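A.B. asks:
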Amino acid sequence: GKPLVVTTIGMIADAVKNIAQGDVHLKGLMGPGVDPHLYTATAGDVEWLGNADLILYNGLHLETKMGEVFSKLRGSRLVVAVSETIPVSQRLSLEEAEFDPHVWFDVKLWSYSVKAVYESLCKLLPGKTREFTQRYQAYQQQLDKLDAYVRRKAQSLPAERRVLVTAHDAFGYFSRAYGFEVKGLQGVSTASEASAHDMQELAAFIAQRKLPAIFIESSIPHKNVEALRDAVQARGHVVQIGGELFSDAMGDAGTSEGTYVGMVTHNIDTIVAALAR
């Protein structure tokens, strides 16, 4: 029977689906509304993993709480942190201590991680190199159009309006790639809430710059941004939750949002939409 590939964040699973297609049995460990940061492999999870022939994960310390489980299952099977194949050079850092793991927001730099997925699948199923290659190229072409679109789209938004404030610091590369003044109620990690002082500042910041909209996120308790929204309100500005954005998690399987391409299309759409005019 076909080999078991097991991935964490849906983004990888998407790359797998497009490349391996039905040539593998795929299990997306982290689904919609799932925060990889504070995610733990449940009983079933660590088991699916236990039988996986190929394990795929971000790297760049995204899935913070999986190191033990991985470093452990590594060596016994194929374990690959797809994104750590990004020339460190291109990975944004945080206080030089951290490495922004949200690289799937720079479509052009995500081609690396997708490349990793593709090449892992080939390593897993050598005989499937031809079909995993051509499909791959295709899927990349989709990425390319996607990166293009997100830039075009971003361009549709006057530089000043490109100030995006979201649930957590998960769009650094998005900012660096398509030019957006980004800010997040939570840091690059949700393993630390936002200090009252922090929300306060952000609230006024949004009220000072008068942001037409701030955004929620599928993987982080909305209760936090809506609170910022009120703090902004209590500051003389009614900011709209310009839409729910996909940070670390994708939409539901079977939906256009449930794919990298669509997930990101939803993002830029929702954002610029909620930010222009």
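Going by the entry's author numbering, 283 is the number at position 252 of the sequence shown; the sequence numbering is gapless.
We put the beta carbon where it would ideally sit given N, CA and C, even for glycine.
Only counting the same chain, and skipping five residues up and downstream in sequence, which positions put a Cβ closer than 7 Å to that of residue 48?
C.D. replies: The residues 57, in chain order, have a CB closer than 7 Å to that of residue 48 in the same chain once the five nearest residues on each side in sequence are set aside.
A.B. asks: Looking at the ligand ZN, does it come within less than 7 Å of residue 81, judged from the CB to the closest heavy atom?
C.D. replies: Looking for the ligand ZN in the displayed structure turns up nothing, as the structure carries no ligands at all.
A.B. asks: Near residue 60, which residues of its chain fall below 6 Å by C-beta distance, leaving aside the five closest residues on each side in sequence?
C.D. replies: 39, 76
A.B. asks: Pull the bridge partners of residue 311 from the DSSP assignment, please.
C.D. replies: Because residue 311 is not part of the residues shown, which for the chain are 32 to 308, the question remains open.
A.B. asks: Would you list, in sequence order, the uninterrupted beta strand (DSSP E) runs of no fewer than 3 residues that lie entirely inside the region 164 to 199?
C.D. replies: 194 to 199
A.B. asks: Does the region 273 to 287 come within contact of the region 249 to 261, defined as at least 3 CB pairs closer than 8 Å?
C.D. replies: yes
A.B. asks: Distance, Cα to Cα, residue 74 vs residue 209?
C.D. replies: 40 Å
A.B. asks: Opposite residue 56 in the DSSP bridges: which residues?
C.D. replies: 35
A.B. asks: If you draw a straight line from the C-alpha of residue 67 to the C-alpha of residue 228, how long is it?
C.D. replies: Residue 67 and residue 228 have their C-alpha atoms spaced approximately 26 Å apart.
A.B. asks: If we count the other Cβ atoms within 10 Å of its Cβ and call it buried at 16 or more, is residue 191 buried or exposed?
C.D. replies: exposed
A.B. asks: Are residue 152 and residue 85 close, meaning C-beta to C-beta below 8 Å?
C.D. replies: yes
A.B. asks: Bridge partners of residue 146, per DSSP?
C.D. replies: None; residue 146 has no bridge partner.
A.B. asks: Which of the three DSSP states, helix, strand or coil, is assigned to residue 88?
C.D. replies: strand
A.B. asks: Closer than 8 Å is the cut-off here; do at least three beta carbon pairs connect the region 176 to 191 with the region 84 to 100?
C.D. replies: no
A.B. asks: Is there a Cβ of chain D sitting closer than 8 Å to that of residue 73, yes or no?
C.D. replies: Absent here is chain D; the protein component of the structure consists of one chain.
A.B. asks: Based on the DSSP output, what are the partners of residue 105 in its beta bridges?
C.D. replies: According to DSSP, which records beta bridges pairwise, residue 105 is partnered with 108.
A.B. asks: Count the other CB atoms, across all protein chains shown, that sit within 10 Å of the CB of residue 292; report buried if there are 16 or more and exposed otherwise.
C.D. replies: buried
A.B. asks: Taking buried to mean at least 16 other C-beta atoms within 10 Å of its own C-beta, is residue 217 buried or exposed?
C.D. replies: buried
A.B. asks: Could you give the uninterrupted runs of the alpha helix (DSSP H) lying entirely in the region 210 to 295, keeping only those of 4 residues or more?
C.D. replies: 227 to 239, 256 to 264
A.B. asks: Using a 10 Å radius around the Cβ and a threshold of 16 neighbouring Cβ atoms, would you call residue 308 buried or exposed?
C.D. replies: Under this definition residue 308 is an exposed residue.
A.B. asks: Mapping the DSSP letters down to three states, classify residue 117 as helix, strand or coil.
C.D. replies: Note: residue 117 maps to coil in three-state DSSP.
A.B. asks: Using CA coordinates, which residue listed in 202, 263, 35 is at the minimum distance from residue 108?
C.D. replies: 35
A.B. asks: Suppose you measure from the CA of residue 197 to the CA of residue 215; what does that come to, to the nearest Å?
C.D. replies: Between residue 197 and residue 215, the alpha-carbon positions lie close to 5 Å from each other.
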